[PDB]
Structures are given as structure tokens and as C-alpha cells.
Amino acid sequence: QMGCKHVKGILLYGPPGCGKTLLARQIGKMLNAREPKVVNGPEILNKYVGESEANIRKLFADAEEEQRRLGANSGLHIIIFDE
Amino acid sequence: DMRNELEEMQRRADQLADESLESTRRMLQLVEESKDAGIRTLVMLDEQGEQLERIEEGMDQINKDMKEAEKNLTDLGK
Ligand SMILES: Nc1ncnc2c1ncn2[C@@H]1O[C@H](COP(=O)(O)OP(=O)(O)OP(=O)(O)O)[C@@H](O)[C@H]1O
């Protein structure tokens, strides 16, 4: 009835050693959802032309399919970008 | 700061063919001709087998007739 959308982003910043990765891990394990995807730094780069963008596109392929199929009854998909 | 980096492009070597369209067609034509020859040989062989089977009965009949005639003639002679 309120007709509102959901938030789709969080950013954490601060000095080293103050507990950022721990919070992300605990958030990931707090939600009854799929197994979160994890990207460790520049893990997507590739030397062939047009191959480092397909890697980006590949992360949303399950969310898009489930959204198309089940509509508004789908689950939650988490993605974690480290560094 | 003369540190350069590159990216790569790829090319596909032509697939395995361009020699499978000249000997191939001749091979197929020869196979068709051999198939036709084999069919003709089948027909001729069946006909020959039928004719041999036909010959057998006349052979047996003539053998029996000659044997019976010889036995009868011998019996009357003595
Ligand atoms: N608030 C906290 N409560 C309990 N333990 C903590 C807390 N913050 C940090 N730690 C301890 O610090 C360890 C490592 O910290 P963490 O990796 O979370 O830091 P970080 O902020 O990601 O650092 P970096 O800047 O290097 O990424 C954790 O495994 C935990 O043992």
C-alpha cells in the first residue's frame, strides 16, 4: 500500500582493523537467503577484449532470471565487493 | 612511468573441411553405384537359388524312376 522500493546498497569505510569485513560476514550469515557471492579485489580483470565486462554481467544473471520468473515472491541475492 | 599494458584479440583457424567436398561427392556417387549393383546381385542370386531348388525335384524324380525301372526289368528277366 505504501508503494515504496527497497534499498540496494551499503558502503563501509574507516581505518584498518576496526571491523568492516566481520560485519559484512555476519550480515551475510544472518539472512535466510542464497550463498552470497564474494569478489576478492580485482578478481574480474581479463586480458581479452570484452571479457572483463562479461564477468560483471555474470553476477546478476540469477537475480534477473528469478525476478522474471517469480515476480514479487522471489528471495534475496547478496553480493559482496571487497576492496 | 613508461609502463605499458596490452589487451589481446583472437582469431579462429578454419574448421576441418574444404577437402571434404570433392572426394566426398565422388565417394557418395560410388557408394550409390555399389548399392545398386548389390541390389541387382541380390535379385539375381535369389532367382538362381529358386532355379536350383526347381532342378532338385526333377533330379530326384529321374533317379527314382530309373532305379524302379531297372529293378523291375531285373525281376522280370530272371
Ligand atoms: N568490533 C569488534 N568486535 C570484536 N572483534 C573485532 C571487532 N573489530 C575487529 N575485531 C577483530 O578484528 C579481526 C579482524 O578485523 P577485520 O578484518 O574485521 O577488520 P577490517 O576493518 O576489515 O580491516 P582492513 O582495513 O584491513 O580491512 C576480527 O576477526 C575480530 O577478531
# chains A, B, ... in the order shown; residues from 1 in each chain; ligands from 1

call {"tool": "select_by_dssp", "arguments": {"residues": "chain A", "states": "strand (DSSP E or B)", "output": "JSON, numbers by chain"}}
result
{"A": [37, 38, 39, 40, 48, 79, 80, 81, 82]}

call {"tool": "write_last_selection", "arguments": {"atoms": "C-alpha atoms", "output": "PDB file, in the first residue's frame"}}
result
ATOM      1  CA  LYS A  37      28.839 -14.088  -3.937  1.00  0.00           C
ATOM      2  CA  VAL A  38      32.249 -12.711  -2.959  1.00  0.00           C
ATOM      3  CA  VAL A  39      34.663 -10.704  -5.122  1.00  0.00           C
ATOM      4  CA  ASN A  40      38.238 -10.518  -3.800  1.00  0.00           C
ATOM      5  CA  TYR A  48      40.845 -10.424 -23.835  1.00  0.00           C
ATOM      6  CA  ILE A  79      26.819  -9.595  -3.423  1.00  0.00           C
ATOM      7  CA  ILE A  80      29.985  -8.548  -1.578  1.00  0.00           C
ATOM      8  CA  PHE A  81      32.720  -6.333  -3.055  1.00  0.00           C
ATOM      9  CA  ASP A  82      35.980  -6.462  -1.091  1.00  0.00           C
TER      10      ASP A  82
END

call {"tool": "residues_near_ligand", "arguments": {"ligand": "ligand 1", "cutoff": "9 Å", "atoms": "only C-alpha atoms and all ligand atoms", "output": "count of residues only"}}
result
16

call {"tool": "interface_residues", "arguments": {"of": "chain A", "to": "chain B", "cutoff": "12 Å", "atoms": "only C-alpha atoms", "output": "compact mmCIF listing (two decimals) with C-alpha atoms, in the first residue's frame"}}
result
# COMPACT_ATOMS: atom_id res chain seq x y z
CA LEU A 45 40.01 -8.36 -14.98
CA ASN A 46 40.89 -10.33 -18.10
CA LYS A 47 43.30 -9.77 -20.98
CA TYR A 48 40.84 -10.42 -23.83
CA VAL A 49 38.78 -7.57 -25.24
CA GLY A 50 35.29 -7.65 -23.77
CA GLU A 51 35.98 -10.40 -21.21
CA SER A 52 36.16 -8.26 -18.05

call {"tool": "atom_distance", "arguments": {"atom1": "CA of residue 36 in chain A", "atom2": "CA of residue 76 in chain A"}}
result
9.6 Å

call {"tool": "select_by_dssp", "arguments": {"residues": "chain B", "states": "alpha helix (DSSP H)", "output": "ChimeraX atom specification"}}
result
/B:23-77

call {"tool": "atom_distance", "arguments": {"atom1": "CA of residue 32 in chain B", "atom2": "CA of residue 45 in chain B"}}
result
20.0 Å

call {"tool": "atom_distance", "arguments": {"atom1": "CA of residue 33 in chain B", "atom2": "CA of residue 47 in chain B"}}
result
21.5 Å
